[PDB]
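Protein chains in written order, with UniProt numbering: chain G, 509 to 553, 559 to 661; chain Z, 509 to 553, 559 to 661; chain H, 509 to 553, 559 to 661; chain X, 31 to 139, 143 to 176, 186 to 396, 407 to 504; chain C, 79 to 126. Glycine included, every Cβ here is placed at the ideal spot set by N, Cα and C. Everything below concerns the one structure shown next.
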Amino acid sequence: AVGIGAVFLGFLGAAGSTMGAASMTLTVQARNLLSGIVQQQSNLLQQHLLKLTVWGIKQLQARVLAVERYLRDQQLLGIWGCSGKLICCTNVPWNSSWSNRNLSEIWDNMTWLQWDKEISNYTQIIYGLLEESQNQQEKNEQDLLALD
Amino acid sequence: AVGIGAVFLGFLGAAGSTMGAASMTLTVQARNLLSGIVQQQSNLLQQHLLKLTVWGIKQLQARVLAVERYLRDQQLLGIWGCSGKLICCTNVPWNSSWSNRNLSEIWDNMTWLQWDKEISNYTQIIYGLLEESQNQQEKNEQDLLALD
Amino acid sequence: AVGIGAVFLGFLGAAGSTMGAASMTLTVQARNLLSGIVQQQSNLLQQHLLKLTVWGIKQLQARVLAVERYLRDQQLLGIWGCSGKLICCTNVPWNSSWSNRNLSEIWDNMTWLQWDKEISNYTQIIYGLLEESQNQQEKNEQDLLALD
Amino acid sequence: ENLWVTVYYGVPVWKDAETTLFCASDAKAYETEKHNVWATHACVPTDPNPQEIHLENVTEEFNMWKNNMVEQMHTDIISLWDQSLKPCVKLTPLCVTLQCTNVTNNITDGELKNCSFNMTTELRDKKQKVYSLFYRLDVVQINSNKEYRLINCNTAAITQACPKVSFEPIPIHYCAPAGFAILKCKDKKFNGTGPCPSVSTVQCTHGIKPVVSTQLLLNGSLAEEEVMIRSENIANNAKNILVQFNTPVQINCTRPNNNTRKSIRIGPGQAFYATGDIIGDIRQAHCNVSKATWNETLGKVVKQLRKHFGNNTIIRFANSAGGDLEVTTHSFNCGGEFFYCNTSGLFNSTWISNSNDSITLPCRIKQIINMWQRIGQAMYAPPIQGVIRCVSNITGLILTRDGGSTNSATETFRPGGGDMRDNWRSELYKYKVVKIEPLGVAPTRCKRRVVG
Amino acid sequence: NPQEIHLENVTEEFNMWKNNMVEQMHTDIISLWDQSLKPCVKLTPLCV
Ligand SMILES: *[C@@H]1O[C@H](CO)[C@@H](O[C@@H]2O[C@H](CO)[C@@H](O[C@@H]3O[C@H](CO[C@H]4O[C@H](CO[C@H]5O[C@H](CO)[C@@H](O)[C@H](O)[C@@H]5O)[C@@H](O)[C@H](O)[C@@H]4O)[C@@H](O)[C@H](O[C@H]4O[C@H](CO)[C@@H](O)[C@H](O)[C@@H]4O[C@H]4O[C@H](CO)[C@@H](O)[C@H](O)[C@@H]4O[C@H]4O[C@H](CO)[C@@H](O)[C@H](O)[C@@H]4O)[C@@H]3O)[C@H](O)[C@H]2NC(C)=O)[C@H](O)[C@H]1NC(C)=O
Ligand SMILES: *[C@@H]1O[C@H](CO)[C@@H](O[C@@H]2O[C@H](CO)[C@@H](O[C@@H]3O[C@H](CO[C@H]4O[C@H](CO)[C@@H](O)[C@H](O)[C@@H]4O)[C@@H](O)[C@H](O[C@H]4O[C@H](CO)[C@@H](O)[C@H](O)[C@@H]4O[C@H]4O[C@H](CO)[C@@H](O)[C@H](O)[C@@H]4O[C@H]4O[C@H](CO)[C@@H](O)[C@H](O)[C@@H]4O)[C@@H]3O)[C@H](O)[C@H]2NC(C)=O)[C@H](O)[C@H]1NC(C)=O
Ligand SMILES: *[C@@H]1O[C@H](CO)[C@@H](O[C@@H]2O[C@H](CO)[C@@H](O[C@@H]3O[C@H](CO[C@H]4O[C@H](CO)[C@@H](O)[C@H](O[C@H]5O[C@H](CO)[C@@H](O)[C@H](O)[C@@H]5O[C@H]5O[C@H](CO)[C@@H](O)[C@H](O)[C@@H]5O)[C@@H]4O)[C@@H](O)[C@H](O[C@H]4O[C@H](CO)[C@@H](O)[C@H](O)[C@@H]4O)[C@@H]3O)[C@H](O)[C@H]2NC(C)=O)[C@H](O)[C@H]1NC(C)=O
Ligand SMILES: *[C@@H]1O[C@H](CO)[C@@H](O[C@@H]2O[C@H](CO)[C@@H](O[C@@H]3O[C@H](CO[C@H]4O[C@H](CO)[C@@H](O)[C@H](O[C@H]5O[C@H](CO)[C@@H](O)[C@H](O)[C@@H]5O)[C@@H]4O)[C@@H](O)[C@H](O[C@H]4O[C@H](CO)[C@@H](O)[C@H](O)[C@@H]4O)[C@@H]3O)[C@H](O)[C@H]2NC(C)=O)[C@H](O)[C@H]1NC(C)=O
Ligand SMILES: *[C@@H]1O[C@H](CO)[C@@H](O[C@@H]2O[C@H](CO)[C@@H](O[C@@H]3O[C@H](CO[C@H]4O[C@H](CO)[C@@H](O)[C@H](O[C@H]5O[C@H](CO)[C@@H](O)[C@H](O)[C@@H]5O[C@H]5O[C@H](CO)[C@@H](O)[C@H](O)[C@@H]5O)[C@@H]4O)[C@@H](O)[C@H](O)[C@@H]3O)[C@H](O)[C@H]2NC(C)=O)[C@H](O)[C@H]1NC(C)=O
Ligand SMILES: *[C@@H]1O[C@H](CO)[C@@H](O[C@@H]2O[C@H](CO)[C@@H](O[C@@H]3O[C@H](CO)[C@@H](O)[C@H](O)[C@@H]3O)[C@H](O)[C@H]2NC(C)=O)[C@H](O)[C@H]1NC(C)=O
Ligand SMILES: *[C@@H]1O[C@H](CO)[C@@H](O[C@@H]2O[C@H](CO)[C@@H](O[C@@H]3O[C@H](CO)[C@@H](O)[C@H](O)[C@@H]3O)[C@H](O)[C@H]2NC(C)=O)[C@H](O)[C@H]1NC(C)=O
Ligand SMILES: *[C@@H]1O[C@H](CO)[C@@H](O[C@@H]2O[C@H](CO)[C@@H](O[C@@H]3O[C@H](CO)[C@@H](O)[C@H](O)[C@@H]3O)[C@H](O)[C@H]2NC(C)=O)[C@H](O)[C@H]1NC(C)=O
Ligand SMILES: *[C@@H]1O[C@H](CO)[C@@H](O[C@@H]2O[C@H](CO)[C@@H](O[C@@H]3O[C@H](CO)[C@@H](O)[C@H](O)[C@@H]3O)[C@H](O)[C@H]2NC(C)=O)[C@H](O)[C@H]1NC(C)=O
Ligand SMILES: *[C@@H]1O[C@H](CO)[C@@H](O[C@@H]2O[C@H](CO)[C@@H](O)[C@H](O)[C@H]2NC(C)=O)[C@H](O)[C@H]1NC(C)=O
Ligand SMILES: *[C@@H]1O[C@H](CO)[C@@H](O[C@@H]2O[C@H](CO)[C@@H](O)[C@H](O)[C@H]2NC(C)=O)[C@H](O)[C@H]1NC(C)=O
Ligand SMILES: *[C@@H]1O[C@H](CO)[C@@H](O)[C@H](O)[C@H]1NC(C)=O
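Structure representation (structure tokens):
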């Protein structure tokens, strides 16, 4: 209806804003990602026998896909050492053949969507060892160094 | 049958005990929360064709609701920085218009159920920024301070 | 077909190798554990009405069991303080009535399968207090000691 | 001057997502009658408030033509019909040969018939003759005094709709799940495809009522604009046109016969709904339009299409000239029996170089329909008793050119309605589902202690 | 073994009249009957 301007800004409300602005609004995304219970109730908000109407089970397929792609996403975080923590710093340098531009030149200049588009091709290969050189051989260390 | 008194005390066995007592028995709850495999087996513990008896799929609806409400609960912990850790300390002060009473006056005096009842109304509003003022702007800090 | 030897080594490719070798290849297992989306697509890679063919829903039963046994496994890690971290050190001593042999005598001598077989009987009892004496009463401490 | 590549959870990001969506509609208790067509009791209730939030300076593509939510939103509608029918009574003991001729009237205007006829009673070897009243289209002849057979008997079976269920359309809000999101476009002059500069975020559709209509749409959404309307590619004739208004004009379809009915028992629990005696006048099904508004809403539909065939060119119109009985004329539902009017008065004008006078449009009523162009078990529509009267709110129409002739001299064209899902493009063109890709790696200077 | 464990000094409401598990526990019993019947023989040639 008529626009009300009381709350700011909202889920993906920073998609049209640069990465620096949205980098601060990471949580108005993280809660809306998984929650398939706030919006769908275990029991409803008598002629029918059982509820295998296809409103029933293809709602049912949706709820798990809601979680599993989250659940495998957050496992990637469990691979890289960031489980309960939304941002994550990183040890292996960036050799910039994936992008030649600066630090200001992205957070102030572009947006998140406008950054994936360009390295969408280099995406899989990086995730190869943001754990291996970062975590696979981060903790044989404190294995071999808490050894004493 | 006749009561046997060998094990102590059990799942929610500290619900009738004060918060301090139950605060130590947080794990006899955390394992019984999700485990829908210990009690339900992937294959059973030949005339039938397939098992779409409604024992089959409304058992099936139950298992995911078992996880997703856990999974969204533990995401709230992932929002507040406590993923693998059951208790969690906290930075933003408590202004006590939500409850005027003391520290001893709850853990020794009341129980957990007997504490939610009174602030059940103030529940949603607090969860607004036990992350924002606690974690949303806890790590732009070490973003801006591991900057060097 | 004919064997190609370009990649090394792979999922469970260290099952025939000693625990020390496989102890370094823990991640070529952790990603293949949950991922039921990489291999199964939310929409397919028109005469039919709806897809309740039993290819549909007993694929559907499989995906959740894929996650829940992971999800309850990784909860055990959330019980022991290791959520995002694959290996985990430990405080309560090992009294060795569960195995009399050495430290070299397992990582260099045996493999992982060849270690569970022998303490498969002592398995449940240990998990009793790799949290209680390790974590249940690890953080009433920093409760009582961050008290100040 | 050293650069690390560090990750972030919850980045506003999205991908063209293909996934199955779900419906949410505010629940009507409605303990009087029961069982809605589609919503039934399974659709989840809409939240007290569905949150709408503006995506600022965002511009994102939209192509409603390879859009999938329509192929879904009819995939459903066909489906659950075939399960709202299956519990209802199966009408195969009726394909019997059941003699009749014309109905009592001074011979004026295949008005209707009245057959008297064999049937099986609740008891097996027991039979009975009783009478009913059919319409021209439901039956076709073969040979005596005289007698015909039911038009579908030729090729398909029939399951009569349970009159307990009703086909009054209600708003349906399709919903994308967590891990995805729909999204709406929000500029009024937006045409069929292109990126939308004004965008705001929804997760569940506004209330779409699934009106079963061929060649026209009505009681639909209405843009605050001057009715600018799109094709898959206007340059070609074969691909349809889909108008929809800016101020709706009223439509009231009528037949003022008070039908009577009579439950009669075919067998164990099966009760066939025979139409009974007519009491009162004989009166044909029709529909009123005041041209005053029609020709002037027409008038604005006139001038805008011009912007694609030159500002100096012919335009044209007359009636549908191709296809079957059901789609050449206005197929739709009103109150329980379906209509089929030649839209003759309407497509009546040429407008070049830029007292009530109400149109009245004769229709014929059907009872047994092979809908959605699907051969197979038919549906017998039970009659409707007493008067009928349905008001209406024209919002749009569907049209198709005829093609080959001299360019720009005088090309002609005509409403087509070759498929229905153009009914779904009517109000599913703001919307587009999209994936959540919420995690992004990006380079900053922070990094925690190198533990060595 | 199903584990039974006493909740000590706990007092909690009970209203068996708007209780739902009954409306379920008959919702079932009606239901699966109508699927233990459907595979069995249909007796309409007998109303003779
Ligand atoms: C464009 O938009 C337009 C604007 O909305 C649309 O116009 C709509 O058109 C539809 C028809 O297609 C209308 O639906 C029908 O309207 C009838 C007229 O409503 C008058 O009465 C209203 C008050 O009474 C209604 O409401 C009360 C609850 O408040 C209810 O108890 C009552 O039964 C009745 O429904 C009044 O407010 C209005 O202003 C009107 O004056 C209405 O009578 C119709 O109800 C029928 O039909 C439907 C369809 O099958 C059934 O689902 C209903 O249950 C009911 O049928 C029952 O009653 C009949 C009465 O004779 C019986 O013959 C039936 O067999 C049946 O009775 C059985 O079942 C009962 C319940 O179990 C038992 O008690 C009986 O004993 C029997 O067993 C229906 O609502 C819309 O109303 C109309 N809109 C508006 C706003 O009026 C237009 O259609 C749109 N265009 C398109 C293309 O869609
Ligand atoms: C398609 O069909 C639709 C539907 O048929 C068409 O749209 C409808 O068109 C109607 C116009 O013909 C319109 O309704 C009418 O409203 C008139 C009032 O308008 C005039 O007066 C007002 C001021 O009062 C002016 O503002 C206005 O400009 C006009 O000058 C009524 O006069 C009409 O008829 C009376 O009878 C009808 C029954 O048909 C009643 O419903 C109506 O109310 C009228 O008066 C009685 O009822 C009222 C209360 O309802 C009483 O106050 C009054 O004294 C009368 O008394 C009776 O009732 C009382 C109880 O209240 C009782 O004590 C007493 O004894 C009497 O029994 C007529 O109603 C519709 O609104 C309109 N519908 C829609 C949806 O737009 C459409 O045009 C058609 N289209 C085409 C293309 O054909
Ligand atoms: C939906 O509703 C609309 C609204 O009407 C319908 O539109 C009608 O559609 C039909 C299609 O079936 C059209 O019929 C076709 O008409 C032509 C013209 O008819 C001529 O041929 C017949 C012989 O077949 C002559 O008898 C006619 O005679 C008229 O003119 C002479 C003088 O010229 C006069 O002596 C006659 O009395 C009659 O005139 C009277 O009426 C006219 C106005 O109509 C008036 O000017 C005059 O003063 C008198 O009042 C006429 O010359 C016809 O040839 C076509 O032939 C087809 O059928 C015949 C058999 O009848 C076959 O021989 C032939 O091979 C074809 O098969 C069509 O019948 C009709 O014109 C049209 N009307 C309008 C107003 O558009 C839609 O059809 C409806 N749709 C559906 C699906 O129901
Ligand atoms: C549905 O489709 C079926 C398919 O055939 C249609 O068939 C009809 O079947 C019936 C029974 O098989 C046919 O009945 C015929 O009746 C005539 C004359 O009957 C009159 O005279 C009889 C004495 O001769 C008398 O018994 C009759 O009824 C009396 O008794 C009843 C009570 O029992 C009472 O209600 C009456 O008032 C009378 O008191 C009636 O008065 C008969 O001549 C026919 O010939 C047969 O039998 C003779 C020997 O008698 C034999 O020589 C013939 O070869 C033939 O075998 C037969 O009995 C009926 O005629 C069929 N229909 C037509 C058009 O002929 C059926 O009608 C369709 N609709 C339905 C069933 O609703
Ligand atoms: C479209 O077409 C339908 C037809 O189906 C019309 O529906 C009819 O509308 C009229 C309104 O004009 C209704 O009449 C009303 O009935 C109610 C209730 O009736 C009670 O009260 C009346 C007196 O007012 C009374 O007549 C009724 O009693 C019946 O039984 C009595 C014996 O106990 C007997 O004395 C009486 O006369 C009547 O039976 C008679 O009829 C039968 C055959 O029909 C005959 O065998 C018998 O011997 C008698 O002669 C009853 O107590 C009243 O309150 C109203 O005042 C008004 O009379 C019709 O009932 C109704 N019919 C149906 C089937 O619905 C639609 O209106 C029409 N609409 C349009 C828009 O055209
Ligand atoms: C993302 O990575 C992919 C893979 O490297 C890049 O795609 C490649 O882009 C080049 C264009 O520079 C394409 O080369 C062209 O090939 C034709 C012959 O087929 C040649 O005539 C042209 O002159 C040109 O060289 C190449 O085909 C294409 N390959 C694939 C697999 O897509 C892409 O450019 C990268 N995108 C960004 C934004 O970095
Ligand atoms: C939890 O928070 C809610 C919301 O503030 C509290 O509910 C409110 O309680 C007051 C009682 O103090 C109710 O006020 C009453 O209103 C009537 C008029 O309607 C007036 O005549 C009475 O004298 C009294 O003032 C108020 O209606 C009620 N509001 C709601 C929405 O429930 C509740 O008390 C809080 N509970 C605890 C334990 O703190
Ligand atoms: C894992 O733990 C189980 C439980 O302690 C061990 O199983 C036990 O093994 C002994 C063999 O040393 C079995 O004892 C035998 O009993 C018969 C009489 O029934 C006796 O005649 C034999 O001389 C022998 O003493 C015992 O039955 C068996 N119990 C169970 C429950 O399996 C098992 O050996 C352990 N495995 C390893 C690898 O440590
Ligand atoms: C009352 O019922 C009779 C049927 O028993 C209707 O008579 C029918 O009249 C039409 C013409 O009005 C005849 O149609 C003819 O069709 C042939 C092609 O099949 C065509 O070449 C002729 O020029 C004519 O159009 C039809 O054969 C005839 N039915 C018969 C003889 O069985 C009569 O029209 C009905 N009453 C009303 C008012 O319609
Ligand atoms: C028919 O169209 C009107 C708008 O032309 C829709 O809204 C009605 O608008 C009139 C004034 O323009 C108001 O007096 C009515 O109260 C409005 N009705 C409603 C229900 O909002 C109307 O909704 C349309 N009818 C439908 C959709 O059935
Ligand atoms: C426009 O269409 C109408 C029919 O909707 C035509 O109206 C006919 O006009 C004559 C008067 O010459 C009337 O006697 C007829 O009764 C009308 N027919 C009908 C079916 O109502 C009208 O001729 C058309 N005009 C043009 C130029 O196409
Ligand atoms: C003007 O009309 C002619 C034919 O009358 C047509 O060929 C030409 O395209 C038109 N020009 C414009 C600009 O519409």
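Residue i - DSSP class collapsed to helix/strand/coil
i: X:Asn375; result: strand
i: Z:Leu553; result: coil
i: X:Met152; result: strand
i: X:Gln292; result: strand
i: X:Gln102; result: helix
i: X:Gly341; result: helix
Range of the contiguous beta strand (DSSP E) that encloses residue i
i: X:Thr452; result: 446-453
i: X:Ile283; result: 283-286
i: X:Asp319; result: Premise fails: X:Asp319 is in no beta strand (DSSP E) and is neither H nor E.
i: X:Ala494; result: 491-496
Residue i versus residue j - alpha carbon distance
i: G:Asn608; j: X:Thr496; result: 13 Å
i: G:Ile639; j: Z:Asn551; result: 39 Å
i: X:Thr154; j: X:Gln161; result: 6 Å
i: X:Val119; j: X:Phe381; result: 23 Å
Residue i: first and last residue of the uninterrupted alpha helix (DSSP H) it sits in
i: H:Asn622; result: No alpha helix (DSSP H) contains H:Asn622, which DSSP labels as neither H nor E.
i: G:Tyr583; result: 567-593
i: G:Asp656; result: 654-658
i: H:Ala522; result: Unbroken run through H:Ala522: none, as it is neither H nor E.
Counted within 10 angstroms of its Cβ, other Cβ atoms place residue i as buried (16 or more) or exposed
i: X:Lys230; result: exposed
i: X:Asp171; result: buried
i: X:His215; result: buried
Closer than 8 Å at the beta carbon, the chain C residues around residue i
i: Z:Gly518; result: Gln81, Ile83
Chain-ordered neighbours of residue i on chain G, where CB pairs are closer than 9 Å
i: H:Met623; result: Within chain G, no residue comes near H:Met623; the closest Cβ sits about 18 Å away, beyond 9 Å.
Chain Z contact residues for residue i, given Cβ-Cβ distances below 8 Å
i: C:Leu110; result: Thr566, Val567
Contact set between residue i and chain H, taken where Cβ atoms lie within less than 9 Å
i: Z:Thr535; result: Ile592, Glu644, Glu645, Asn648, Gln649
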